[PDB]
Structures are given as C-alpha cells and as structure tokens.
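With TSV, C-alpha atoms inside, this is input35.tsv:
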chain	number	residue	atom	x	y	z
A	1	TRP	CA	-133.85	169.57	44.65
A	2	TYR	CA	-131.44	171.35	42.32
A	3	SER	CA	-129.21	168.28	41.73
A	4	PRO	CA	-126.27	170.00	43.46
A	5	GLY	CA	-123.21	167.83	43.97
A	6	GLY	CA	-121.76	168.16	47.43
A	7	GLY	CA	-118.09	168.95	47.87
A	8	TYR	CA	-117.52	166.19	50.42
A	9	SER	CA	-120.90	164.86	51.59
A	10	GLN	CA	-123.60	163.11	49.55
A	11	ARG	CA	-127.27	164.16	49.59
A	12	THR	CA	-128.70	160.67	50.09
A	13	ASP	CA	-131.95	161.98	51.61
A	14	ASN	CA	-133.32	163.21	48.25
A	15	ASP	CA	-134.62	160.95	45.48
A	16	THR	CA	-136.89	161.13	42.45
A	17	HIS	CA	-140.18	159.24	42.50
A	18	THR	CA	-140.94	156.72	39.76
A	19	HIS	CA	-144.61	155.74	40.17
A	20	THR	CA	-147.59	157.35	41.86
A	21	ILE	CA	-149.08	156.06	45.11
A	22	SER	CA	-152.71	154.94	45.12
A	23	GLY	CA	-154.67	155.92	48.22
A	24	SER	CA	-158.22	155.54	49.49
A	25	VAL	CA	-160.39	158.64	49.05
A	26	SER	CA	-163.38	159.80	51.10
A	27	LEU	CA	-167.01	159.96	49.96
A	28	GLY	CA	-168.18	162.13	47.08
A	29	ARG	CA	-171.43	163.28	45.49
A	30	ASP	CA	-174.60	161.84	47.00
A	31	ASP	CA	-177.21	161.91	44.22
A	32	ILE	CA	-178.75	164.07	41.49
A	33	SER	CA	-181.02	167.08	42.08
A	34	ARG	CA	-184.68	167.55	41.19
A	35	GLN	CA	-185.83	166.87	37.63
A	36	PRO	CA	-188.94	167.95	35.71
A	37	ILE	CA	-191.85	165.55	35.15
A	38	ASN	CA	-194.51	165.98	32.46
A	39	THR	CA	-194.80	168.76	29.86
A	40	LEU	CA	-196.11	172.18	30.90
A	41	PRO	CA	-196.76	173.26	27.28
A	42	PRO	CA	-199.23	170.35	26.96
A	43	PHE	CA	-201.14	171.07	30.19
A	44	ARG	CA	-204.77	172.10	29.62
A	45	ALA	CA	-204.41	171.35	25.90
A	46	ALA	CA	-207.73	170.57	24.21
A	47	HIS	CA	-207.92	167.07	22.71
A	48	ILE	CA	-210.60	165.89	20.27
A	49	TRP	CA	-211.88	162.39	21.06
A	50	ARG	CA	-215.41	162.38	19.59
A	51	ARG	CA	-216.31	159.19	17.74
A	52	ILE	CA	-217.68	159.05	14.19
B	1	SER	CA	-163.81	186.10	42.76
B	2	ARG	CA	-161.43	185.40	39.89
B	3	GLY	CA	-162.52	182.12	38.31
B	4	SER	CA	-164.75	181.06	41.21
B	5	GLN	CA	-168.48	181.65	40.62
B	6	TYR	CA	-170.93	181.43	43.53
B	7	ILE	CA	-173.94	179.43	42.34
B	8	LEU	CA	-177.20	181.35	42.76
B	9	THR	CA	-180.89	180.49	42.34
B	10	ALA	CA	-184.12	182.20	41.24
B	11	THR	CA	-187.01	181.08	43.44
B	12	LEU	CA	-190.40	182.22	42.15
B	13	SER	CA	-193.20	183.60	44.32
B	14	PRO	CA	-195.20	180.38	43.86
B	15	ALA	CA	-193.94	176.84	44.37
B	16	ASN	CA	-194.21	176.07	40.64
B	17	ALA	CA	-195.49	177.67	37.45
B	18	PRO	CA	-197.02	176.18	34.28
B	19	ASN	CA	-194.11	175.61	31.89
B	20	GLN	CA	-191.98	177.94	34.01
B	21	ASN	CA	-188.58	178.84	32.57
B	22	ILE	CA	-185.96	181.54	33.07
B	23	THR	CA	-184.13	183.33	30.24
B	24	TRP	CA	-181.13	184.19	32.39
B	25	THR	CA	-179.26	187.34	31.36
B	26	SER	CA	-175.95	188.77	32.57
B	27	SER	CA	-175.25	192.49	32.20
B	28	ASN	CA	-171.57	192.95	31.40
B	29	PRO	CA	-171.23	189.35	30.16
B	30	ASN	CA	-167.43	189.65	30.11
B	31	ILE	CA	-167.37	190.03	33.90
B	32	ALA	CA	-169.68	187.07	34.49
B	33	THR	CA	-172.34	184.95	32.80
B	34	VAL	CA	-175.30	182.86	33.97
B	35	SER	CA	-177.36	180.05	32.48
B	36	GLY	CA	-180.35	177.87	33.26
B	37	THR	CA	-183.78	178.72	34.65
B	38	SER	CA	-183.69	178.00	38.39
B	39	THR	CA	-179.94	177.87	38.99
B	40	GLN	CA	-177.74	180.72	37.77
B	41	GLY	CA	-174.08	179.68	37.89
B	42	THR	CA	-172.48	183.13	37.78
B	43	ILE	CA	-169.08	181.97	36.52
B	44	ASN	CA	-166.78	184.99	36.44
B	45	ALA	CA	-164.32	185.76	33.65
B	46	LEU	CA	-162.84	189.17	34.46
B	47	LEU	CA	-160.93	189.89	37.67
B	48	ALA	CA	-162.83	193.11	38.46
B	49	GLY	CA	-166.26	194.51	37.69
B	50	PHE	CA	-169.93	194.48	38.64
C	1	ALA	CA	-214.25	165.24	10.92
C	2	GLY	CA	-212.55	161.86	11.28
C	3	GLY	CA	-213.56	158.49	12.64
C	4	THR	CA	-210.19	157.83	14.29
C	5	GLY	CA	-208.04	160.15	16.39
C	6	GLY	CA	-204.80	160.23	18.32
C	7	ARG	CA	-203.07	161.92	21.23
C	8	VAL	CA	-199.59	163.32	20.62
C	9	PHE	CA	-199.41	166.93	21.80
C	10	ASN	CA	-201.69	166.34	24.82
C	11	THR	CA	-201.05	162.85	26.21
C	12	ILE	CA	-199.01	160.94	28.77
C	13	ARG	CA	-195.99	160.10	26.62
C	14	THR	CA	-192.32	159.40	27.44
C	15	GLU	CA	-188.96	160.91	26.48
C	16	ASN	CA	-187.77	164.35	27.58
C	17	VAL	CA	-184.70	166.58	27.85
C	18	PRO	CA	-183.53	166.89	31.49
C	19	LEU	CA	-182.41	170.46	32.15
C	20	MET	CA	-181.67	172.16	35.47
C	21	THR	CA	-179.09	174.23	37.34
C	22	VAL	CA	-177.06	172.84	40.25
C	23	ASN	CA	-174.61	174.62	42.53
C	24	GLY	CA	-170.96	173.63	42.19
C	25	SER	CA	-169.89	170.68	44.34
C	26	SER	CA	-166.22	170.13	45.22
C	27	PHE	CA	-164.77	166.77	46.28
C	28	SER	CA	-161.77	166.92	48.61
C	29	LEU	CA	-159.04	164.31	48.06
C	30	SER	CA	-155.80	164.31	50.05
C	31	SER	CA	-152.63	162.98	48.41
C	32	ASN	CA	-149.93	162.24	50.98
C	33	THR	CA	-146.45	163.41	50.00
C	34	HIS	CA	-145.02	160.22	51.54
C	35	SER	CA	-145.61	156.54	50.69
C	36	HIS	CA	-144.29	157.10	47.15
C	37	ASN	CA	-141.28	154.80	47.67
C	38	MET	CA	-137.81	155.53	46.27
C	39	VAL	CA	-136.23	154.95	42.86
C	40	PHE	CA	-132.67	155.06	41.56
C	41	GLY	CA	-129.72	155.69	43.87
C	42	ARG	CA	-127.33	158.36	45.13
C	43	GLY	CA	-126.23	160.78	42.43
C	44	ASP	CA	-124.85	159.86	40.11
C	45	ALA	CA	-127.37	161.71	37.93
C	46	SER	CA	-130.47	163.28	39.49
C	47	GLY	CA	-133.37	165.02	37.77
C	48	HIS	CA	-133.44	168.78	38.26
C	49	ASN	CA	-136.41	170.26	40.14
C	50	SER	CA	-137.31	166.81	41.48
C	51	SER	CA	-139.26	166.61	44.72
C	52	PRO	CA	-136.98	165.36	47.53
C	53	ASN	CA	-137.78	161.83	48.70
Written as structure tokens, that's how I'd like the structure from this file.
Amino acid sequence: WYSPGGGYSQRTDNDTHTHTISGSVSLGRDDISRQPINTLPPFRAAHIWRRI
Amino acid sequence: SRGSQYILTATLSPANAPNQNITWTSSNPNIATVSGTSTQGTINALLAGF
Amino acid sequence: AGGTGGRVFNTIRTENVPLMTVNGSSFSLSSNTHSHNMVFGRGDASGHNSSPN
C-alpha cells in the first residue's frame, strides 16, 4: 500500500499489522551425527608398568 | 551457486584409519573454501570461478 | 627406574574435543500471510509501504 487517499471512495480493505501471529511449525533436526571415540594418537603407545 | 555451498565428503579407502584426519585445502580460496576432515562444506564466496 | 608409575598418554581417560563435518540442513517453516488480525482504522493516517490487510 502507498497510503493513497481516494478521491471519493475509501480503501478500507488495507490495514497495517500490529503484532505477529504465532503458528505451529513442523518437525526439525532429528539428532547429531557420528562422533569420535578414543584417541588415535595414543593407540599402540608403549606403557611402562614394571614394579620395583 | 552464489552463497549456497553443496556439502561434500571425503571417504577413505578403508572404513577407518588410525588418528585419521584431513587437512582440507581449497584452490582459489576466494571462490570457495572447505574445512574439516570428513565433511568439506564448500561454501562459495565469489559468483563465478572454479 | 621408579617404584610407582602412571598412565596419562596411553590410558582410558575422559574429555575430548568433538570435531566433525555435517552437511547443511534446512528447516522449512511456513508463515501464513493471513491470521495477523487488523489494527487501527480507515485512513486517516496509514503507514507507507505497509502490507495490505
């Protein structure tokens, strides 16, 4: 709307909204993807466990 | 396309590797860039280029 | 040598940095142009560039 004033008629079918309308949305993301477990840099690492 | 970046992936020959990681590079980084090891995420910046 | 040891570098510990790459996911939400109600009255004064309701 350009806010044009009619010469004889009145544009009563146009109005400015004041507040938004809340609606129900559909589903979204399901879950997270794969993640890493354990440390690869530590695999096969030699560990000293000999007693005194 | 402009802005949109088709997500890619880098599947290795084997199922998994010991401490496997990818140092993703992007030739002509202005056109697009990638990050991560498995996923790429080739987000484009320029509107034309290879 | 030492009488007591420990496992830090090679052990089943906790804590880690989760890193990975995931393809972009887009959620589609539809906002109806109607059901917004009406405010004010017949002009009067009306805001320019206002969506007709």
Would you pick out the contacts of residue 21 in chain C at 8 Å or less, using only C-alpha atoms, so that residues sharing its chain but fewer than 6 positions from it are not included, and give the list as a PDB file with C-alpha atoms, keeping the file's coordinate frame?
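Output saved as around.pdb:
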ATOM      1  CA  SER B  35    -177.360 180.050  32.480  1.00  0.00           C
ATOM      2  CA  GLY B  36    -180.350 177.870  33.260  1.00  0.00           C
ATOM      3  CA  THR B  37    -183.780 178.720  34.650  1.00  0.00           C
ATOM      4  CA  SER B  38    -183.690 178.000  38.390  1.00  0.00           C
ATOM      5  CA  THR B  39    -179.940 177.870  38.990  1.00  0.00           C
ATOM      6  CA  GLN B  40    -177.740 180.720  37.770  1.00  0.00           C
ATOM      7  CA  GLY B  41    -174.080 179.680  37.890  1.00  0.00           C
TER       8      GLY B  41
END
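Nearest to chain C of all the residues B:4, B:16, B:44, B:26 is B:4, counting all atoms listed in the file.
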inquiry  = Could you work out which residues of chain A fall inside 12 Å of chain B? Count only C-alpha atoms, and format the result as a VMD selection string.
reply    = chain A and resid 33 to 44
task = For chain C, report every residue with an atom at most 10 Å from chain B (counting all atoms listed in the file), formatted as JSON, numbers by chain.
result = {"C": [19, 20, 21, 22, 23, 24, 25]}
Selected residues written out with C-alpha atoms, as an mmCIF file, in the frame of the given file:
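This went into again-v8.cif:
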data_model
loop_
_atom_site.group_PDB
_atom_site.id
_atom_site.type_symbol
_atom_site.label_atom_id
_atom_site.label_comp_id
_atom_site.auth_asym_id
_atom_site.auth_seq_id
_atom_site.Cartn_x
_atom_site.Cartn_y
_atom_site.Cartn_z
ATOM 1 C CA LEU C 19 -182.410 170.460 32.150
ATOM 2 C CA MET C 20 -181.670 172.160 35.470
ATOM 3 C CA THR C 21 -179.090 174.230 37.340
ATOM 4 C CA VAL C 22 -177.060 172.840 40.250
ATOM 5 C CA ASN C 23 -174.610 174.620 42.530
ATOM 6 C CA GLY C 24 -170.960 173.630 42.190
ATOM 7 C CA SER C 25 -169.890 170.680 44.340
#
Can you write out as JSON lines which residues of chain C fall within 7 Å of chain A, alongside each residue's closest atom pair and its distance in Å to one decimal, counting all atoms listed in the file and ordering rows by chain and ascending residue number?
{"residue": "C:2", "atom": "CA", "partner": "A:52", "partner_atom": "CA", "distance": 6.5}
{"residue": "C:3", "atom": "CA", "partner": "A:52", "partner_atom": "CA", "distance": 4.4}
{"residue": "C:5", "atom": "CA", "partner": "A:49", "partner_atom": "CA", "distance": 6.4}
{"residue": "C:9", "atom": "CA", "partner": "A:42", "partner_atom": "CA", "distance": 6.2}
{"residue": "C:10", "atom": "CA", "partner": "A:42", "partner_atom": "CA", "distance": 5.2}
{"residue": "C:18", "atom": "CA", "partner": "A:35", "partner_atom": "CA", "distance": 6.6}
{"residue": "C:27", "atom": "CA", "partner": "A:28", "partner_atom": "CA", "distance": 5.8}
{"residue": "C:29", "atom": "CA", "partner": "A:25", "partner_atom": "CA", "distance": 5.9}
{"residue": "C:35", "atom": "CA", "partner": "A:21", "partner_atom": "CA", "distance": 6.6}
{"residue": "C:36", "atom": "CA", "partner": "A:21", "partner_atom": "CA", "distance": 5.3}
{"residue": "C:37", "atom": "CA", "partner": "A:17", "partner_atom": "CA", "distance": 6.9}
{"residue": "C:38", "atom": "CA", "partner": "A:17", "partner_atom": "CA", "distance": 5.8}
{"residue": "C:39", "atom": "CA", "partner": "A:17", "partner_atom": "CA", "distance": 5.8}
{"residue": "C:42", "atom": "CA", "partner": "A:12", "partner_atom": "CA", "distance": 5.6}
{"residue": "C:46", "atom": "CA", "partner": "A:3", "partner_atom": "CA", "distance": 5.6}
{"residue": "C:47", "atom": "CA", "partner": "A:3", "partner_atom": "CA", "distance": 6.6}
{"residue": "C:48", "atom": "CA", "partner": "A:2", "partner_atom": "CA", "distance": 5.2}
{"residue": "C:49", "atom": "CA", "partner": "A:1", "partner_atom": "CA", "distance": 5.2}
{"residue": "C:50", "atom": "CA", "partner": "A:1", "partner_atom": "CA", "distance": 5.4}
{"residue": "C:51", "atom": "CA", "partner": "A:1", "partner_atom": "CA", "distance": 6.2}
{"residue": "C:52", "atom": "CA", "partner": "A:14", "partner_atom": "CA", "distance": 4.3}
{"residue": "C:53", "atom": "CA", "partner": "A:15", "partner_atom": "CA", "distance": 4.6}
note = note - CA of residue 50 in chain B and CA of residue 28 in chain B are separated by 7.6 Å
query = Can you tell me how far CA of residue 45 in chain B sits from CA of residue 33 in chain B, in Å to one decimal?
reply = 8.1 Å
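You can rank B:30, B:21, B:43, B:15 by their closest distance to residue 3 in chain B using all atoms listed in the file, and at the top of that list sits B:43.
Between CA of residue 14 in chain C and CA of residue 30 in chain A the interatomic distance comes to 26.5 Å.
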request  = Identify the residues within 8 Å of coordinate (-167.8, 193.4, 33.1) (same frame as the file), considering only C-alpha atoms, and give the answer as a PyMOL selection string.
outcome  = chain B and resi 27-32+46+48-50
Put the listed atoms of range 15-22 of chain A in a box along x, y and z with 8 Å added on every side and give me the centre and edge lengths in Å to one decimal, as lines of an AutoDock Vina configuration file.
center_x = -143.7
center_y = 158.0
center_z = 42.6
size_x = 34.1
size_y = 22.2
size_z = 21.7
